[PDB]
Amino acid sequence: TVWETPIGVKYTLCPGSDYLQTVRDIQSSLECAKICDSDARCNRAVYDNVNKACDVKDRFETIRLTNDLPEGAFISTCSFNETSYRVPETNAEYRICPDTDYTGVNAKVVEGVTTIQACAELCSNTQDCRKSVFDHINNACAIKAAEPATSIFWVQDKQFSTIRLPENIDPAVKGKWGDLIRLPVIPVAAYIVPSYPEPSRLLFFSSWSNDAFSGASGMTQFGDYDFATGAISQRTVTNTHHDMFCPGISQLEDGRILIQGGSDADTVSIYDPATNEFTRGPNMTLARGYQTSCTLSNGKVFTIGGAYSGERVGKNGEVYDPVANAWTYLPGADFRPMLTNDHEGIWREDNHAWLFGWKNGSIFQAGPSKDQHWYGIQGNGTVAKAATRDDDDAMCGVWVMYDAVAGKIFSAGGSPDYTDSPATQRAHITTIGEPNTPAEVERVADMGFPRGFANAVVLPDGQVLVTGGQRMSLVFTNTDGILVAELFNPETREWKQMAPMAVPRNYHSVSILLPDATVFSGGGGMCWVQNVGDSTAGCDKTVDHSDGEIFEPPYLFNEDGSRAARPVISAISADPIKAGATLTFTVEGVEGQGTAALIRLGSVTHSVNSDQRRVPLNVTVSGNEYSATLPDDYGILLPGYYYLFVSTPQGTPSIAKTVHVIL
Ligand SMILES: *[C@@H]1O[C@H](CO)[C@@H](O)[C@H](O)[C@H]1NC(C)=O
Ligand code: NA
């Protein structure tokens with residue numbers, strides 16, 4: 010049986026079970048349960064039908091706390107009924123969420139506060155109190171330290187109640203986060219499934235466990251999130267003998283997803299959206315993990331680096347040809363020029379290269395190494411310096427091609443070492459034109475927050491949303507996770523701070539652009555255990571975030587906070603299209619002339635998204651009939667699957683329609 014209190018707390022009564036307070040003249044299970052709920056310390060109690068007594072820890087019956095979320099779960103909204111509370115003679119009202127805590131630095135902790143009301147009163151008498159916590163077990167009141175200088179998290183915990191002064195957030199300025207979406211496996215890696223008329227599914231994957239990894243295992247846990255309908259499922263992919271944790275990821279011309287190395291460091295898996303199945307690729311010429319791969323102008327996939335797994339040495343380039351179905355080793359694609367200097371040595375130094383497919387089968391490497399390089403696949407491979415981005419390495423910085431037409435790359439954050447490393451606020455616009463000629467680098471305004479292990483996406487208007495990351499790179503921690511998202515506007519070279527997300531998204535988190543021009547932010551954590559099947563019970567679960575949250579940017583909102591009217595792409599052929607061809611589509615529901623941009627479908631892991639890029643379009647209109655001449659350079663318009671967004675003149679985007687660019 011399950012009893013639900015008047016605020017929504019849940020207890021599970023199992024008649025016939027046994028396992035601080037012992038109350039007699041209790042007639043039933045329900046009564047003992049009501050005793051359990053009275054006591055902030057009570058997770059489990061025993062009803063004794065024989066002696067008619069209730070023990071707060084057959085002849086007996088057990089009572090167990092069983093909320094929809096477990097104790098210690100991060101929340102974005104009160105799980106239970108909230109109350110308002112105004113401090114007498116104050117004209118200052120607070121929301122109170124029972125059975126929850128605010129974790130993080132305290133401005134003050136005060137002993138001998140015996141009621142929630144006295145805790146609210148203390149908050150009212152403390153300058154700059156926006157969040158306080160009442161400790162039901164110890165009779166103490168904590169005032170939380172000021173945000174966003176400090177990061178404060180909202181956790182489900184019966185010991186406490188939270189007290190807050192609501193902040194008015196204008197979504198027309200700051201966007202809006204939805205609530206946490208619980209997932210079966212930590213989304214350490216994710217990709218949009220190509221589909222017509224628009225994608226509806228995000229696949230995501232961890233390792234052999236939903237919240238743990240080891241080494242080679244031959245299995246990956248996947249989740250499948252239909253963001254159209256909210257349906258979620260999971261599967262264990264074993265048929266490719268591939269633990270896909272810590273891989274390279276690239277989308278092929280035909281929208282198949284090439285997942286390369288990681289825990290099974292020499293294994294390759296190909297996801298086919300048409301079948302929803304994985305097939306074995308050919309083994310890589312070199313075993314690799316934590317490498318980046320990029321799809322090229324000719325549909326081949328280049329990769330370099332990957333010392334995380336396989337041999338613990340620098341890894342030269344190689345290239346996959348999906349038509350020959352072959353890997354070729356490229357020793358002339360030398361790892362040495364692209365190394366960082368890391369306190370953990372070569373294991374780290376060749377990891378997570380900022381790689382972009384460009385003109386004539388070239389590769390631009392934008393970082394994270396101080397120096398930028400051109401790589402190529404001709405002969406045995408090529409390498410040359412292109413520019414100096416910065417005076418330090420920015421390992422796991424964010425980076426995105428926000429304007430492929432103008433060769434524009436934005437990068438921000440990262441840390442000089444992979445871990446135990448203060449993150450930078452530095453940001454840069456890199457401009458590329460002719461491959462194997464100098465790049466240009468312009469330092470732009472610093473980020474408002476230092477961020478290691480952040481994520482970034484380009485939006486239809488060319489702005490870049492940076493989500494999560496932490497002030498100091500500390501693998502597998504929540505520590506000083508930034509919750510405030512930042513929007514960088516390349517037109518003004520300005521940052522704006524957005525609404526805060528609920529959960530820190532640091533190491534092993536992702537972000538990715540959804541077809542409604544919202545951003546999924548999720549994941550974080552994972553536990554290392556020595557062997558496949560070992561117990562995770564000794565793992566710090568507070569750093570695991572088997573969930574995500576979706577950000578609506580400012581462009582989705584009118585000045586009054588209502589949802590702005592979106593253009594509708596009412597008709598577009600599902601036929602593939604070549605570079606230089608004319609895309610035509612019908613647009614309804616726009617006042618004045620829409621703009622159009624293509625955004626390549628994303629794939630993401632370890633602060634690496636080598637599949638996304640924005641290709642802005644010029645359109646001409648005859649009535650409701652739009653036409654755009656696609657760039658004729660496959661270095662700009664990479665093959666594969668794209669979102670087509672039509673935006674109002676004020677910058678509100680349509681739901682995307684899928685466009686397939688072919689060779
Ligand atoms: C992958 O293929 C290569 C070439 O046959 C082989 O020698 C290697 O052992 C294979 N490795 C794995 C890890 O399957
Ligand atoms: Na370093």
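Going letter by letter, the sequence shown gives residues 10 to 28, 35 to 72, 84 to 689 in PDB author numbering.
No residue lacks a Cβ here, since even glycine has one placed at the ideal position from N, Cα and C.
Asked	Found
Distance cut-off 7 angstroms: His378 Cβ against heavy atoms of ligand 2	no
Length of the line joining the Cα atoms of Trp521 and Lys200	12 angstroms
Reduced DSSP category for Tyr444 - H, G, I as helix; E, B as strand; rest coil	coil
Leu95 versus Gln182: straight-line alpha-carbon distance, rounded	8 angstroms
Residues sharing a beta bridge with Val467, DSSP	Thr456
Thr450 CB to nearest heavy atom of ligand 2 below 7 angstroms	no
Cβ-based burial, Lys170 [other Cβ within 10 Å; buried from 16]	buried
Buried/exposed call for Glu468, threshold 16 Cβ in 10 Å	exposed
Assumed close pair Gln260, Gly274 - CB separation to whole angstroms, cut-off 8 angstroms	The Cβ separation is near 23 angstroms, so there is no contact.
Pairwise C-alpha distance: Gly336 and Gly343	15 angstroms
Beta bridge counterpart(s) of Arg640 as assigned by DSSP	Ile625
Alpha helix (DSSP H) segment containing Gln247, residue limits	From DSSP, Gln247 is part of no alpha helix (DSSP H) but of the beta strand (DSSP E) over 246-252.
DSSP state of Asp52 mapped onto helix, strand, coil	helix
Neighbour-count burial assignment, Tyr28, 16 or more Cβ in a 10 Å radius	exposed
Contact test: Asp269 Cβ vs ligand 1 heavy atom, cutoff 7 angstroms	no
Meets three-Cβ-pair contact criterion under 8 angstroms: the region 533-548 and the region 461-475	no
Element boundaries [beta strand (DSSP E), containing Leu91]	86-91
Sequence-ordered residues whose beta carbon comes within less than 5 angstroms of a heavy atom of ligand 1	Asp292, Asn309
beta-carbon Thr414 near ligand 2 non-hydrogen atom, thresh 7 angstroms	no
CB of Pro223 within 8 angstroms of CB of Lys683, strictly	yes
Proximity of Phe546 and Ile508 at Cβ, strictly below 8 angstroms	no
Limits of the beta strand (DSSP E) - the one that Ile681 falls within	First-last for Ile681: undefined, no H or E at that position.
Proximity test, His571 beta-carbon vs ligand 2 heavy atom, cut-off 7 angstroms	no
Whether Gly628 touches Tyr217 by CB criterion (8 angstroms)	yes
C-alpha gap between residue 77 and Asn265, whole angstroms	Coordinates for residue 77 are simply not present: the residues of the chain run from 72 and resume at 84.
Status (buried if at least 16 other CB within 10 Å, exposed otherwise) for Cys23	exposed
Buried versus exposed, by CB contacts within 10 Å (16 or more), residue 80	The model contains no atoms for residue 80, which sits in the stretch where the chain goes from 72 to 84 directly.
beta-carbon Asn164 near ligand 2 non-hydrogen atom, thresh 7 angstroms	no
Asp368 beta carbon near ligand 2 (any heavy atom closer than 7 angstroms)	yes
Completely contained beta strand (DSSP E) runs for the region 348-401, where each covers 3 or more residues	352-356, 381-383, 389-391
Anticipated Cβ contact below 8 angstroms, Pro299 with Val219, distance rounded	5 angstroms
Rounded separation between residue 75 and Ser232 - CA only	You won't find residue 75 in this model, because the chain goes from 72 right to 84.
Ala438, enclosing alpha helix (DSSP H) - first and last residue	Where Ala438 is concerned, there is no enclosing alpha helix (DSSP H), although the beta strand (DSSP E) it sits in stretches over 434-438.
Residue range of the unbroken alpha helix (DSSP H) whose run includes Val199	197-200
beta-carbon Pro442 near ligand 2 non-hydrogen atom, thresh 7 angstroms	yes
Beta-carbon contacts of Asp360 that lie in its chain and below 7 angstroms, excluding the five residues immediately before and after	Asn342, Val409
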